[PDB]
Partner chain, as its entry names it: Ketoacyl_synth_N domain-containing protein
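Coming up is one lone chain in structure tokens, specifically the form solved without the partner chain.
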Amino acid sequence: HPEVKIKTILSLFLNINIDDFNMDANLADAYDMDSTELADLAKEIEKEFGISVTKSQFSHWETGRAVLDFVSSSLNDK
């Protein structure tokens, strides 16, 4: 259930109730996510799923759905 894992990781990272996280919301708009925070999020994703993420890759994470699609593709290849 990669969607639930991602939703949970993003919710914890942003200090919000899991029920309140919107996977389709723009992260910068909805949660005030900045590029420094994306880098920190990427490090948690790398550890929790055991995958590599480049700066170029995490720079395109505009929504939770985008993070999910990246992690899904990475896990399939792994």
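Numbering follows the first chain given and starts at 1.
S.K.: Using only the Cα atoms and their B-factors as the entry lists them, report which of 69-77 and 4-12 averages higher.
M.R.: Stretch with the higher mean C-alpha B-factor: 69-77.
S.K.: Read off the CA B-factors in the entry, average them over 22-30 and over 38-46, and name the higher stretch.
M.R.: Mean C-alpha B-factor is greater for 38-46.
There is another form of this protein, the form solved in complex with the partner chain, and it is not shown here; the text below is about that form.
S.K.: Is there a heavy atom of residue 36 no more than 4.5 Å from a heavy atom of the partner chain in the entry with it bound?
M.R.: Yes - in the entry with it bound, heavy atoms of residue 36 and the partner chain come within 4.5 Å of each other.
S.K.: Can you tell me whether residue 68 touches the partner chain? I mean in the entry with it bound, with a 4.5 angstroms heavy atom cut-off.
M.R.: Residue-level check for residue 68: no, no contact with the partner chain.
S.K.: In the entry with it bound, does residue 29 have a heavy atom within 4.5 Å of the partner chain?
M.R.: Residue 29: no contact with the partner chain in the entry with it bound.
S.K.: Please run the contact check for residue 14 against the partner chain in the entry with it bound: heavy atoms, 4.5 angstroms, yes or no?
M.R.: Residue-level check for residue 14: yes, a contact with the partner chain.
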